[PDB]
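Participant: One structure is given below, represented as structure tokens, and several questions about it will come after.
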Amino acid sequence: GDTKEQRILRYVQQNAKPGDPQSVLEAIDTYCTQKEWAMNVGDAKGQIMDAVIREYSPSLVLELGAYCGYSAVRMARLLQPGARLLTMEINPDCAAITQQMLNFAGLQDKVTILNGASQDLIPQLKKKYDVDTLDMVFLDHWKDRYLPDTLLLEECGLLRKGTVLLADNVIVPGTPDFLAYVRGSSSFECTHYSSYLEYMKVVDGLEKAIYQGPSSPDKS
Ligand SMILES: COc1ccc(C2(c3cc(-c4sc(C)nc4C)[nH]n3)CC2)cc1
Ligand code: NA
Ligand code: NA
Numbered sequence: 002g003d004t005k006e007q008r009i010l011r012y013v014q015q016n017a018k019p020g021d022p023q024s025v026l027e028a029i030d031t032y033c034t035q036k037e038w039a040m041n042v043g044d045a046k047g048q049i050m051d052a053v054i055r056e057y058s059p060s061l062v063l064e065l066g067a068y069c070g071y072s073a074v075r076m077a078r079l080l081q082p083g084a085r086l087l088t089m090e091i092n093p094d095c096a097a098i099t100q101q102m103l104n105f106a107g108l109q110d111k112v113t114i115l116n117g118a119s120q121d122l123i124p125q126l127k128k129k130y131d132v133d134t135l136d137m138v139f140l141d142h143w144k145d146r147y148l149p150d151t152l153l154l155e156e157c158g159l160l161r162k163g164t165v166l167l168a169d170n171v172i173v174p175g176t177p178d179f180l181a182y183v184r185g186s187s188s189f190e191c192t193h194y195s196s197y198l199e200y201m202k203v204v205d206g207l208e209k210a211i212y213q214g215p216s217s218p219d220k221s
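As numbered in the deposited numbering, residues 2 to 221 make up the sequence shown, in order.
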């Protein structure tokens, strides 16, 4: 039984070149803009992601919401040797697509795919995936989970001063609880990157929130 996600993967395999992540990105963006809409960061937002990756040169990245693997390919292709992407995907079939997408792109050695819910997997990272702290987190999963998973990352000790969080769709459909919290909290230094939705003629944006450390207890 044919699914949209299988169709995306098929289009890449036919038209992109194996071992060429850039051709894979172009294939998906072409498919989604010309053939069939799909939840896709798209190339405009993708360039903001690229710039963030290049600026901070993360050695360990956590992605929430891999879907078909476009963002995983986008980020992993800019990771240095020894750098790692951990990506989480709650749907088993999408997780399988993401693995095949990364395999095709030649990036499978840089990426660990975890199939499960963010709130179940995030607390296992220190013990099971030998994580200390994360250099960067990309949020693009269920929008009502941005705030609680950010709070969970903090309390699990996975954030350090300087950790970049980059969150997509903070305007459309919107994550106002997440935005209120990080912008108002002194634990996060925030900036907003506006970008037009490729399909919709509505303005969206990514929020970049840089962790400053835990807030200090009240003194004497
Ligand atoms: C209806 O809107 C959607 C639907 C699906 C998605 C995707 C997604 C979400 C997750 C979740 S959810 C959760 C609690 N932990 C994880 C890891 N993995 N992949 C991207 C496929 C994003 C937005
Ligand atoms: Na998105
Ligand atoms: Na803030």
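We treat Cβ as the ideally placed atom computed from N, Cα and C, and that holds for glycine.
1) Determine the DSSP secondary structure at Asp-178, reduced to helix, strand or coil.
2) Ligand 3 and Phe-105: does any heavy atom of the ligand fall closer than 6 Å to the residue's C-beta?
3) Can you tell me the Cβ-Cβ gap for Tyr-68 and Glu-90, rounded? I've got them flagged as a contact below 8 Å.
4) Taking the beta carbon of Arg-55 as the centre, do at least 16 other beta carbons fall within 10 Å, making it buried, or is it exposed?
5) When you measure from the CB of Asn-92 to every non-hydrogen atom of ligand 2, does any distance come out below 6 Å?
6) Can you tell me which residues fall inside 7 Å of ligand 2, judged by beta-carbon distance to its nearest heavy atom, and keep chain order?
7) Just the C-alpha distance for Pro-218 and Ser-187, rounded to the nearest angstrom, thanks.
8) Which of helix, strand or coil does DSSP assign to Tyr-130?
9) Check whether the Cβ of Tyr-200 sits closer than 6 Å to any heavy atom of ligand 1, and report yes or no.
10) Do you know how far the Cα of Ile-49 is from the Cα of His-193?
11) Counting C-beta neighbours from all protein chains within 10 Å, is the total for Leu-108 16 or more, i.e. buried, or is it exposed?
12) Using DSSP with H/G/I as helix, E/B as strand and the rest coil, what is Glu-90?
13) Thinking just about the alpha-carbon of each residue, which of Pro-82, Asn-41, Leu-65 is nearest to the one in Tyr-71?
14) Roughly how many angstroms lie between the CA atoms of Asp-178 and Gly-185, to the nearest whole one?
Facilitator: Put simply:
1) Per DSSP, reduced to three states, the secondary structure at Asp-178 is helical.
2) Checking every heavy atom of ligand 3 against the Cβ of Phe-105, none is found closer than 6 Å.
3) Indeed they touch by this definition, with Cβ atoms about 7 Å apart.
4) Using a 10 angstroms sphere on the CB of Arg-55, the tally of other CB atoms stays under 16, which defines it as exposed.
5) No, the Cβ of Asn-92 stays beyond 6 Å of every heavy atom of ligand 2.
6) Of all residues, those with a beta-carbon under 7 Å from at least one heavy atom of ligand 2 are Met-40, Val-42, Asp-141, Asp-169, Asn-170, reported in chain order.
7) Those two C-alpha atoms are separated by around 13 Å.
8) Reduced to three states, the DSSP call for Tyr-130 is coil.
9) Flag unset: Cβ of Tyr-200 not near ligand 1.
10) CA-CA distance, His-193 to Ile-49, rounds to 11 Å.
11) Flag for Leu-108 reads buried.
12) Assignment of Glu-90 by DSSP, reduced to helix, strand and coil, places it in the strand class.
13) Looking at the Cα atoms, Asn-41 is the closest of the given residues.
14) Answer to the nearest angstrom: the Cα atoms are 11 Å apart.
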